[PDB]
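Written below as structure tokens is the structure these notes are about.
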Number of protein chains: 2
Amino acid sequence: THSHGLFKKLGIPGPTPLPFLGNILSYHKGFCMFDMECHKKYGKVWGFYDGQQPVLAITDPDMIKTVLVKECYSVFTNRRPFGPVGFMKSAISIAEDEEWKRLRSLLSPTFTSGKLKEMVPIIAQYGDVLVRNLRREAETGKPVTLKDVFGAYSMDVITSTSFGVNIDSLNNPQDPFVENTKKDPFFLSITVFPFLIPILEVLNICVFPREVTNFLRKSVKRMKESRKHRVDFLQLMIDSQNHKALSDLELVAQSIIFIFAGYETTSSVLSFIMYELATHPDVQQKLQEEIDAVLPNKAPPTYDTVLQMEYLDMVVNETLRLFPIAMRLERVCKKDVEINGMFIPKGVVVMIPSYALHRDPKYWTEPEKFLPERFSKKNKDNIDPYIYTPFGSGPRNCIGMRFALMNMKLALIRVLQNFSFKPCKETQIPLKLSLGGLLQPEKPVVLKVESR
Amino acid sequence: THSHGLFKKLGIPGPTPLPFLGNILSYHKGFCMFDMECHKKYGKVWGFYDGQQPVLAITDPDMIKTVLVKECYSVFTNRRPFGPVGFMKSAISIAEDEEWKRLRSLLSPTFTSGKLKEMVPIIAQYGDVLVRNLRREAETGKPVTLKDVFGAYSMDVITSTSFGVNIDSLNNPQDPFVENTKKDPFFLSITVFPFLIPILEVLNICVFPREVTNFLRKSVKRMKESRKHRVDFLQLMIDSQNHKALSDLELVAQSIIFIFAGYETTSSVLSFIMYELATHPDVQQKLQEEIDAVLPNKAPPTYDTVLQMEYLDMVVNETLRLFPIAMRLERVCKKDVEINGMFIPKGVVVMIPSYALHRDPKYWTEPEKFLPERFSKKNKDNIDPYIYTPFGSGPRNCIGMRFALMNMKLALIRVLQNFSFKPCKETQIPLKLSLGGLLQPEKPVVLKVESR
Ligand code: HEM
Ligand code: HEM
């Protein structure tokens, strides 16, 4: 109990921490359940301890605005340091202070709307590939695992948009990439034993499978040498090094982040969306009518076409409210500060419980209900942008927010143009969330697929 | 050999490091001998590795000026982090960045000439006490250990000027203070195992004898409560908390630093000075003549009197050239920079080899000779202030430089007013330096003392 007396010294409520462990035993219900219990019990501000690390949760939109936007460069610049990282410390989502600001500025032009519209014809090709794989498992006439067909699509999209490697992941069990790209009782121990991280670093024990990273460092340098080109993420970073220019090892670190970003997140949300569309056939029918109205006759989706669909944007936003895959937003307090009326000491991790704020009765009518009409152009104005934060906010929000929304909507249009999705006897209704550290279904979502 | 390829990648020469160990095996001759060998062999700039930590040594006065003075606040602000520190991280000599700048500004008024002249009558009382203890061991008629009588004087001076505790350390074997204040195969292991420092911190293993610190935290709070006052270091810090105000635990951290500063450093240099005066009776006679001229008839020394003696200042400066007790000046490179023509990467410890620069034939005639006339008002102008740095330089130099010079000279005047010092059969001539990490004699200095 070295630092376990900080929150009661500041008059901040919270759960009573145990020695060494802190409040990590309260994670037996999960990250999200623990935050909703504390928010319902302690109010707008409370504190807890991840081992010996003090964490302060805030729910006031003005205070959230000050942390994420106002005092981002001055006070709340970085996220919590995590376990044996290794060379991936040069990744943008992990880098800190000026090292991050240099990487953020070197990668911001990559995600502009100009580069994004140039990627529409690429990620539309795999939308047709996704329809092909779905047409097979539909005539199979038995429940289909969504995270597999969506995971393949998300893997095909991210490898083509970042390396130009066009594969059929579901039908090619092992093109090298597919396998290497296809690749807790340890993070909990790291949280209770944070002093062991320097030991794992000097032992080169990288959490990343060290038996994979080298495969990309040579694959990238092969593509560097071998390079009618081109519109992939690698090229936009190759043309950038032509602040201070990037490094070749820094180049590989950002490539790995975009994959874990463009894979698990895209496929998970797409699975949550299709679960809600299957469990609400009225919403699925209305969405298919808007798709057929904007794209008559199964016309191919375009950049300007995707942005025109309002109900599609309403369906995506509502699923992200129920399932914000990040769960929490976190910032480290770099110095003794005093924001919006309260004093924040140095070293405290300021956390925004995004999952709990998205299901708070103070801001949402029937929080557990899936109601896309919350985000209609009539009701969207009564939604605080610092309560609904699926992509974060401020200078360090999701840099691939526009790419994620465009990639998911392009798949949703091509999928719903040809198929309807019904629950199966195997479908878990209602959907239970994973008890662990990730925001994923307890049971993988399986649904019945029928051709239109 | 993780980072052992940095200096050859930058084209910087230096000794070839061994895996894990680096160049620490070359310390078998000592810090100072290793620096003089590298300076004679590699030139003005070289690099080595303390384990895995890269260290770059510089000898150019313009480059030294840029590190210590010009880019102090921007680039070179802190010193190397060292081993399990504990609560003493709040000490000024250990604090970093704004935490140090707040402590440096809160302790700068303590060492002004106004506070220093107010301490002359206090540390002159123990000058008479030092004459008394010397008069006994002189009539003993046998060699006298200088570091004991000087250590007692230095201990009596620092406890009275920082807590008002007036004791006779040599004749009181244990007033609590004396003992508690009287209080490597481990620093070497920490250098090779720097990842174990977080382990020693969570185990509360403080290198400082944890069985002593608590004695001061309650002694200070006793003096806080019990307090015709007063001119001690504690009061100047008590009146300061009446930036952001100091803390009571921060108060104890600075108190421990001033003791280790005002004890071992004052007594060691005083012993080096009396060794040179004994081995050079001509210098000792000329110094006694200047003392008797400025202070006729064994008159008591005053503040204005000490500053008038030029040859005394020449004797002190020349001994500090031969024996700069700090040995090295060190600064951590906070960011990628490019000083005076060369690029310095982030994380590199920039080191100024003070001992090697003080004995360099490029700037000193007969470097091994003790010649006080180097600092006469005629020859003092040809001495580069960034080659002769016994107290460092810049915004983070020795904050107690004026106190150290005044305290040592006050003892030298009262000692030389009554006694002359001759070598004994036990006196080590010439004096060998300690083979370890400290700058102290190999054998404790013993001399024959005779009353005038
Ligand atoms: C449904 C999909 C996604 C969601 C909901 C999402 C959400 C988020 C959130 C909440 C953050 C943290 C924001 C903050 O802390 O304020 C974040 C960070 C980030 N995201 Fe995403 N993301 C998604 C997909 C992607 C994709 C596809 C990419 C890249 C291709 C990406 C790249 C990043 C990066 C690089 C960061 C860190 C930015 C930085 O540290 O400067 N994300 N994302
Ligand atoms: C012969 C006696 C002394 C010598 C030769 C000496 C020398 C030095 C040197 C070389 C430094 C490092 C400067 C740098 O890195 O640029 C230093 C730092 C320091 N010294 Fe001394 N010193 C002596 C006595 C004292 C005394 C008596 C005190 C206090 C009563 C003291 C307090 C300090 C402090 C606090 C620092 C660190 C300053 C900071 O980090 O801001 N020293 N000293």
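Naming: A, B, ... by sequence-line order, numbering from 1 per chain. Only heavy atoms go into these numbers, but all of them, side chains included; no hydrogens, no water, no symmetry mates. Atoms within each ligand, like the ligands themselves, are counted from 1 in listed order.
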Which heavy atom of the protein is the closest neighbour of [atom], given with residue, atom name and distance?
atom                    : value
atom 41 (O) of ligand 1 : A:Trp100 NE1, 2.5 Å
atom 30 (C) of ligand 1 : A:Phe111 CE2, 3.8 Å
atom 13 (C) of ligand 1 : A:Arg396 O, 3.5 Å
atom 12 (C) of ligand 1 : A:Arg79 NH2, 3.5 Å

| task | Check if A:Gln254 has a non-hydrogen atom at a distance under 4.0 Å from any atom of ligand 1. | result | no
| query | Counting only heavy atoms, which portion of B:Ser393 has something under 4.0 Å from ligand 2: side chain, backbone, both, or neither? | reply |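 Answer for B:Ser393: backbone.
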| Which one of B:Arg331, B:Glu330, B:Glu96 has a non-hydrogen atom at the shortest distance from atom 16 (O) of ligand 2? |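 The nearest heavy atom belongs to B:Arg331.
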| message | Regarding atom 7 (C) of ligand 2: of the candidates B:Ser108, B:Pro390, B:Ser154, B:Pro395, which has the closest heavy atom? | response | B:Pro390
| message | Any atom of ligand 2 sitting under 4.0 Å from a heavy atom of B:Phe233? | response |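 The answer is no: ligand 2 sits nowhere under 4.0 Å from a heavy atom of B:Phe233.
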| task | Of the side chain and backbone of A:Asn407, name the one, both, or neither that has a heavy atom under 4.0 Å from an atom of ligand 1. | result | neither
| query | If you measure from each non-hydrogen atom of A:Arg104 to ligand 1, which part falls under 4.0 Å: side chain, backbone, both or neither? | reply |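 Under 4.0 Å from ligand 1, A:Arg104 contributes side-chain atoms alone.
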Do [X] and [Y] have side-chain heavy atoms sitting under 4.5 Å apart?
X        : Y        : result
A:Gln440 : A:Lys147 : no
B:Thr265 : B:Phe260 : no
A:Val316 : A:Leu412 : yes
B:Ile64  : B:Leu357 : yes

Atom indices of ligand 1 within 4.0 angstrom of [X] heavy atoms, with elements:
X        : result
A:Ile92  : 35 (C), 39 (C), 40 (O), 41 (O)
A:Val269 : 1 (C)
A:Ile325 : 4 (C), 5 (C)
A:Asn397 : 13 (C), 16 (O), 38 (C)

Taking [X] first and then [Y], would you say they form a salt bridge - that is, a charged N and a carboxylate O separated by under 4.0 Å?
X        : Y        : result
A:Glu330 : A:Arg80  : yes
B:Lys65  : B:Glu71  : no
A:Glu318 : A:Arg321 : yes
A:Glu98  : B:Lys334 : no

| said: A:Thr389 versus ligand 1: do any nitrogen or oxygen atoms come within less than 3.5 Å of each other? | reply: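 Such a contact does not occur with ligand 1.
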| request: Return yes or no for this condition: an N or O of A:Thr266 is under 3.5 Å from an N or O of ligand 1. | output: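 No - when backbone and side-chain N and O of A:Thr266 are compared with those of ligand 1, no distance drops under 3.5 Å.
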Tabulate below the donor-acceptor pairs under 3.5 Å that side-chain atoms of residues 156-163 of chain B make, not counting sequence neighbours, or state none.
{"from": "B:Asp156", "atom 1": "OD1", "to": "B:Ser169", "atom 2": "N", "distance (Å)": "3.0"}
{"from": "B:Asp156", "atom 1": "OD1", "to": "B:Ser169", "atom 2": "OG", "distance (Å)": "2.4"}
{"from": "B:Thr159", "atom 1": "OG1", "to": "B:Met155", "atom 2": "O", "distance (Å)": "2.9"}
{"from": "B:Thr159", "atom 1": "OG1", "to": "B:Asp156", "atom 2": "O", "distance (Å)": "3.3"}
{"from": "B:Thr159", "atom 1": "OG1", "to": "B:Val165", "atom 2": "O", "distance (Å)": "3.4"}
{"from": "B:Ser160", "atom 1": "OG", "to": "B:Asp156", "atom 2": "O", "distance (Å)": "2.8"}
{"from": "B:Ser160", "atom 1": "OG", "to": "B:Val157", "atom 2": "O", "distance (Å)": "2.9"}
{"from": "B:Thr161", "atom 1": "OG1", "to": "B:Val157", "atom 2": "O", "distance (Å)": "2.5"}
{"from": "B:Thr161", "atom 1": "OG1", "to": "B:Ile158", "atom 2": "O", "distance (Å)": "3.4"}
{"from": "B:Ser162", "atom 1": "OG", "to": "B:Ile158", "atom 2": "O", "distance (Å)": "2.3"}

| Checking ring-ring contact (aromatic ring centres under 6.0 Å, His included) for the pair B:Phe272/B:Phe323: CA distance, chi angles, key distance, verdict? | CA-CA 8 Å; B:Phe272 285 114; B:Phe323 312 103; 4.2 Å; yes
| said: Closer than 2.8 Å to atom 21 (Fe) of ligand 1, what protein N/O/S atoms do you find? | reply: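 Those protein N, O or S atoms (cut-off: under 2.8 Å from atom 21 (Fe) of ligand 1) are A:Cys398 SG.
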| Taking atom types as modelled and ignoring hydrogens, do the side chains of A:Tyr153 and A:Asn407 form a donor-acceptor contact shorter than 3.5 angstrom? | yes
| field | Neighbour count >12 (heavy atoms, 6.0 Å) for atom CZ, B:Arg104 | value | yes
| In terms of ring plane angle, is the pair A:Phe258 and A:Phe233 parallel, tilted or perpendicular, where the classes change at 30° and 60°? |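 Rings of A:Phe258 and A:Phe233: tilted, 30 to 60°.
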| said: Here's one to test your reading of the geometry: is the NZ or CZ of B:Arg359 within 45 degrees of the ring axis of B:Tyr388 and under 6.0 Å from its centre? | reply: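 No; the conditions do not both hold, so B:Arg359 does not lie above the ring face of B:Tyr388.
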